[PDB]
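Here's input34.pdb, which has PDB, C-alpha atoms (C1' of nucleotides):
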```pdb
ATOM      1  CA  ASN E 492       0.000   0.000   0.000  1.00  0.00           C
ATOM      2  CA  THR E 493       1.112   3.549  -0.768  1.00  0.00           C
ATOM      3  CA  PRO E 494      -0.106   5.873   2.020  1.00  0.00           C
ATOM      4  CA  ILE E 495      -0.522   8.987  -0.110  1.00  0.00           C
ATOM      5  CA  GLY E 496      -4.259   9.076   0.593  1.00  0.00           C
ATOM      6  CA  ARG E 497      -6.972  10.881  -1.355  1.00  0.00           C
ATOM      7  CA  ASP E 498      -6.387  14.532  -0.432  1.00  0.00           C
ATOM      8  CA  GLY E 499      -3.977  16.202  -2.831  1.00  0.00           C
ATOM      9  CA  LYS E 500      -4.110  13.347  -5.324  1.00  0.00           C
ATOM     10  CA  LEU E 501      -2.049  13.328  -8.512  1.00  0.00           C
ATOM     11  CA  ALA E 502      -1.773  11.003 -11.491  1.00  0.00           C
ATOM     12  CA  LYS E 503       1.994  10.448 -11.270  1.00  0.00           C
ATOM     13  CA  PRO E 504       2.005   8.284  -8.094  1.00  0.00           C
ATOM     14  CA  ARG E 505      -0.786   6.125  -9.541  1.00  0.00           C
ATOM     15  CA  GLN E 506       0.978   5.466 -12.845  1.00  0.00           C
ATOM     16  CA  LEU E 507       2.816   2.277 -13.768  1.00  0.00           C
ATOM     17  CA  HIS E 508       6.462   3.287 -13.977  1.00  0.00           C
ATOM     18  CA  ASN E 509       9.240   1.746 -16.042  1.00  0.00           C
ATOM     19  CA  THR E 510      11.128   0.711 -12.907  1.00  0.00           C
ATOM     20  CA  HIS E 511       8.170  -1.396 -11.735  1.00  0.00           C
ATOM     21  CA  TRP E 512       9.193  -4.076 -14.249  1.00  0.00           C
ATOM     22  CA  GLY E 513       9.669  -7.439 -12.585  1.00  0.00           C
ATOM     23  CA  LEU E 514       8.947  -6.212  -9.050  1.00  0.00           C
ATOM     24  CA  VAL E 515       5.190  -5.516  -9.060  1.00  0.00           C
ATOM     25  CA  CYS E 516       2.360  -6.875 -11.165  1.00  0.00           C
ATOM     26  CA  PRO E 517       1.529  -4.663 -14.168  1.00  0.00           C
ATOM     27  CA  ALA E 518      -2.044  -5.962 -14.370  1.00  0.00           C
ATOM     28  CA  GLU E 519      -3.345  -6.329 -10.808  1.00  0.00           C
ATOM     29  CA  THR E 520      -4.642  -3.154  -9.157  1.00  0.00           C
ATOM     30  CA  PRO E 521      -7.967  -2.172  -7.562  1.00  0.00           C
ATOM     31  CA  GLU E 522     -10.621   0.059  -9.070  1.00  0.00           C
ATOM     32  CA  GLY E 523     -11.762   3.490  -7.981  1.00  0.00           C
ATOM     33  CA  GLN E 524      -9.980   5.484  -5.300  1.00  0.00           C
ATOM     34  CA  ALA E 525      -7.104   3.076  -4.641  1.00  0.00           C
ATOM     35  CA  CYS E 526      -6.227   2.395  -8.289  1.00  0.00           C
ATOM     36  CA  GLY E 527      -2.464   2.360  -8.727  1.00  0.00           C
ATOM     37  CA  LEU E 528      -1.761   3.064  -5.067  1.00  0.00           C
ATOM     38  CA  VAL E 529      -2.234  -0.597  -4.075  1.00  0.00           C
ATOM     39  CA  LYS E 530       0.385  -2.885  -5.599  1.00  0.00           C
ATOM     40  CA  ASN E 531       1.018  -6.622  -5.660  1.00  0.00           C
ATOM     41  CA  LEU E 532       4.468  -8.185  -5.632  1.00  0.00           C
ATOM     42  CA  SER E 533       5.535 -10.088  -8.711  1.00  0.00           C
ATOM     43  CA  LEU E 534       5.745 -13.830  -8.471  1.00  0.00           C
ATOM     44  CA  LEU E 535       9.543 -13.958  -7.984  1.00  0.00           C
ATOM     45  CA  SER E 536      10.017 -10.774  -5.945  1.00  0.00           C
ATOM     46  CA  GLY E 537      11.477 -10.521  -2.474  1.00  0.00           C
ATOM     47  CA  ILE E 538      12.098  -7.919   0.208  1.00  0.00           C
ATOM     48  CA  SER E 539      15.546  -7.416   1.692  1.00  0.00           C
ATOM     49  CA  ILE E 540      15.844  -8.303   5.370  1.00  0.00           C
TER
ATOM     50  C1'  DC B   1       6.201  29.258 137.244  1.00  0.00           C
ATOM     51  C1'  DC B   2       1.965  27.543 138.643  1.00  0.00           C
ATOM     52  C1'  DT B   3      -0.988  24.024 138.340  1.00  0.00           C
ATOM     53  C1'  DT B   4      -2.594  19.466 137.929  1.00  0.00           C
ATOM     54  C1'  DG B   5      -1.756  14.860 138.946  1.00  0.00           C
ATOM     55  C1'  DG B   6      -0.086  12.149 142.592  1.00  0.00           C
ATOM     56  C1'  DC B   7      -0.060  10.137 147.103  1.00  0.00           C
ATOM     57  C1'  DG B   8      -2.544   9.365 151.166  1.00  0.00           C
ATOM     58  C1'  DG B   9      -6.768   8.827 154.482  1.00  0.00           C
ATOM     59  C1'  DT B  10     -11.559   7.931 154.854  1.00  0.00           C
ATOM     60  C1'  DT B  11     -16.156   6.600 153.228  1.00  0.00           C
ATOM     61  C1'  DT B  12     -19.181   4.742 149.752  1.00  0.00           C
ATOM     62  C1'  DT B  13     -21.372   1.131 147.646  1.00  0.00           C
ATOM     63  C1'  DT B  14     -21.927  -2.208 144.342  1.00  0.00           C
ATOM     64  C1'  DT B  15     -18.963  -5.670 142.268  1.00  0.00           C
ATOM     65  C1'  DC B  16     -19.071  -9.878 142.964  1.00  0.00           C
ATOM     66  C1'  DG B  17     -19.775 -13.947 145.221  1.00  0.00           C
ATOM     67  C1'  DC B  18     -22.514 -18.189 146.305  1.00  0.00           C
ATOM     68  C1'  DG B  19     -27.173 -20.031 145.748  1.00  0.00           C
ATOM     69  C1'  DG B  20     -31.558 -20.562 143.603  1.00  0.00           C
ATOM     70  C1'  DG B  21     -35.430 -20.848 140.208  1.00  0.00           C
ATOM     71  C1'  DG B  22     -37.148 -20.871 135.636  1.00  0.00           C
ATOM     72  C1'  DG B  23     -37.545 -20.996 130.913  1.00  0.00           C
ATOM     73  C1'  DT B  24     -35.665 -20.258 126.604  1.00  0.00           C
ATOM     74  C1'  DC B  25     -33.345 -21.958 122.731  1.00  0.00           C
ATOM     75  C1'  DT B  26     -30.037 -24.768 120.764  1.00  0.00           C
ATOM     76  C1'  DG B  27     -29.159 -29.377 119.393  1.00  0.00           C
ATOM     77  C1'  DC B  28     -30.743 -34.223 117.865  1.00  0.00           C
ATOM     78  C1'  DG B  29     -33.591 -36.862 114.666  1.00  0.00           C
ATOM     79  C1'  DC B  30     -36.803 -37.962 111.690  1.00  0.00           C
ATOM     80  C1'  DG B  31     -39.168 -37.024 107.377  1.00  0.00           C
ATOM     81  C1'  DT B  32     -39.139 -34.819 102.173  1.00  0.00           C
ATOM     82  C1'  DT B  33     -39.465 -32.284  98.439  1.00  0.00           C
ATOM     83  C1'  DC B  34     -37.687 -29.210  95.745  1.00  0.00           C
ATOM     84  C1'  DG B  35     -33.268 -27.089  94.231  1.00  0.00           C
ATOM     85  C1'  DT B  36     -29.285 -27.451  92.044  1.00  0.00           C
ATOM     86  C1'  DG B  37     -25.861 -30.146  89.633  1.00  0.00           C
ATOM     87  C1'  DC B  38     -25.131 -32.724  85.602  1.00  0.00           C
ATOM     88  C1'  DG B  39     -26.327 -33.614  81.125  1.00  0.00           C
ATOM     89  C1'  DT B  40     -27.246 -32.981  75.681  1.00  0.00           C
ATOM     90  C1'  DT B  41     -28.793 -29.494  73.457  1.00  0.00           C
ATOM     91  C1'  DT B  42     -29.292 -24.336  72.288  1.00  0.00           C
ATOM     92  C1'  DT B  43     -29.387 -18.684  71.951  1.00  0.00           C
ATOM     93  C1'  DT B  44     -28.402 -13.356  71.749  1.00  0.00           C
ATOM     94  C1'  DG B  45     -24.997 -10.173  71.161  1.00  0.00           C
ATOM     95  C1'  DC B  46     -21.446  -9.609  68.591  1.00  0.00           C
ATOM     96  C1'  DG B  47     -17.081 -10.161  64.884  1.00  0.00           C
ATOM     97  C1'  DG B  48     -16.317 -10.307  60.287  1.00  0.00           C
ATOM     98  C1'  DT B  49     -18.101  -9.690  55.999  1.00  0.00           C
ATOM     99  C1'  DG B  50     -21.280  -8.935  51.355  1.00  0.00           C
ATOM    100  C1'  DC B  51     -22.874  -5.990  47.972  1.00  0.00           C
ATOM    101  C1'  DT B  52     -25.279  -1.955  47.603  1.00  0.00           C
ATOM    102  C1'  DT B  53     -23.525   2.501  46.882  1.00  0.00           C
ATOM    103  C1'  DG B  54     -21.393   6.937  45.031  1.00  0.00           C
ATOM    104  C1'  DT B  55     -17.834  10.370  44.264  1.00  0.00           C
ATOM    105  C1'  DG B  56     -13.423  10.906  43.135  1.00  0.00           C
ATOM    106  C1'  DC B  57      -9.275  10.859  39.654  1.00  0.00           C
ATOM    107  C1'  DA B  58      -3.475  17.836   0.283  1.00  0.00           C
ATOM    108  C1'  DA B  59      -4.237  19.871  -3.150  1.00  0.00           C
ATOM    109  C1'  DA B  60      -6.126  24.484  -5.577  1.00  0.00           C
ATOM    110  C1'  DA B  61      -8.546  28.567  -5.606  1.00  0.00           C
ATOM    111  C1'  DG B  62     -10.327  33.255  -4.496  1.00  0.00           C
ATOM    112  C1'  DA B  63     -10.687  36.688  -0.942  1.00  0.00           C
ATOM    113  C1'  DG B  64      -9.359  39.667   2.591  1.00  0.00           C
ATOM    114  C1'  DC B  65      -6.535  42.247   5.662  1.00  0.00           C
ATOM    115  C1'  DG B  66      -2.365  44.137   6.160  1.00  0.00           C
ATOM    116  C1'  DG B  67       1.400  47.073   5.717  1.00  0.00           C
ATOM    117  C1'  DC B  68       3.551  49.457   2.833  1.00  0.00           C
ATOM    118  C1'  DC B  69       4.362  51.862  -0.978  1.00  0.00           C
ATOM    119  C1'  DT B  70       3.943  55.613  -3.841  1.00  0.00           C
ATOM    120  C1'  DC B  71       2.096  60.201  -4.998  1.00  0.00           C
ATOM    121  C1'  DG B  72      -0.265  64.824  -5.175  1.00  0.00           C
ATOM    122  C1'  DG B  73      -1.651  68.932  -2.886  1.00  0.00           C
ATOM    123  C1'  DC B  74      -1.542  71.971   1.048  1.00  0.00           C
ATOM    124  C1'  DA B  75       0.230  74.817   4.200  1.00  0.00           C
ATOM    125  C1'  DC B  76       3.649  76.921   6.542  1.00  0.00           C
ATOM    126  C1'  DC B  77       7.413  79.314   5.197  1.00  0.00           C
ATOM    127  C1'  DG B  78      10.512  81.730   2.148  1.00  0.00           C
ATOM    128  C1'  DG B  79      12.343  85.552  -1.039  1.00  0.00           C
ATOM    129  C1'  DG B  80      11.753  90.037  -2.490  1.00  0.00           C
TER
END
```

For this file, write the structure as structure tokens.
Amino acid sequence: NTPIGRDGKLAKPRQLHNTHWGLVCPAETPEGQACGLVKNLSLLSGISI
DNA sequence: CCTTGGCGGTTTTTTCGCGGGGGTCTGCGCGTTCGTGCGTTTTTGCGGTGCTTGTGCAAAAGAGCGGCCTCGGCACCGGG
């Protein structure tokens, strides 16, 4: 989740960026208010410990 | 120093003695009944507590006020 909220929204945070390749799913995102702000990890991604 | 006990002599009189007479009352003994001890069983006044009680500690946009800027024009002051 990206905690940018609804107030002061902008299109740039919601967009699918080039650097998202391989780390988050390009297709899976909710509809409506949270579109683009909620992301799903790709199927081979990890988080450093 | 002056008096109030003491020591003596004498008289008073009842203490006390022996004797008597009487009756009271204390003690023995019998009969008993009721009074208290002894018992298993029980209570009121009180110690400790329950629970009822309550009071305390994030964009964008326009608008507005604000302070300041500038300026002109006036008025007090000057030259002459």

Requested in this report: Using all atoms listed in the file, determine which residues lie at most 12 Å from region 522-525 of chain E, disregarding the query and same-chain residues fewer than 5 positions distant; provide the list as a PyMOL selection string.
Outcome: chain E and resi 492-498+500-502+504-506+530

Query raised in the report: So what does the PyMOL selection byres ((chain B) within 12 of (chain E)) actually pick up in this one, as a list in words?
Result: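 With the PyMOL selection byres ((chain B) within 12 of (chain E)) on this model, the match is residues 58, 59 and 60 of chain B.
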
Take the residues just selected and output them with C-alpha atoms (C1' of nucleotides) as a compact mmCIF listing (two decimals), keeping the file's coordinate frame.
```txt
# COMPACT_ATOMS: atom_id res chain seq x y z
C1' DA B 58 -3.48 17.84 0.28
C1' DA B 59 -4.24 19.87 -3.15
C1' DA B 60 -6.13 24.48 -5.58
```

Adding 3 Å on each side of the box along x, y and z that holds all listed atoms of region 8-20 of chain B, could you give its centre and edge lengths in Å to one decimal, as JSON?
```
{"center_x": -17.1, "center_y": -5.6, "center_z": 148.6, "size_x": 35.0, "size_y": 35.9, "size_z": 18.6}
```

Query raised in the report: CA of residue 520 (chain E) and CA of residue 507 (chain E) are how many Å apart?
Result: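 For CA of residue 520 (chain E) relative to CA of residue 507 (chain E), the distance reads 10.3 Å.
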
Report task. Figure out the distance between CA of residue 535 (chain E) and CA of residue 503 (chain E), please, to one decimal in Å. Result ->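 Taking CA of residue 503 (chain E) as the start and CA of residue 535 (chain E) as the end point, the length is 25.8 Å.
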
Report task. Run through the PyMOL selection byres ((chain E and resi 531) around 7) on the given coordinates and return the selected residues as a list in words. Result ->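 The output of the PyMOL selection byres ((chain E and resi 531) around 7) on this file is residues 515, 516, 519, 530, 532 and 533 of chain E.
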
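Rounded to one decimal, CA of residue 521 (chain E) and CA of residue 534 (chain E) lie 18.0 Å from each other.
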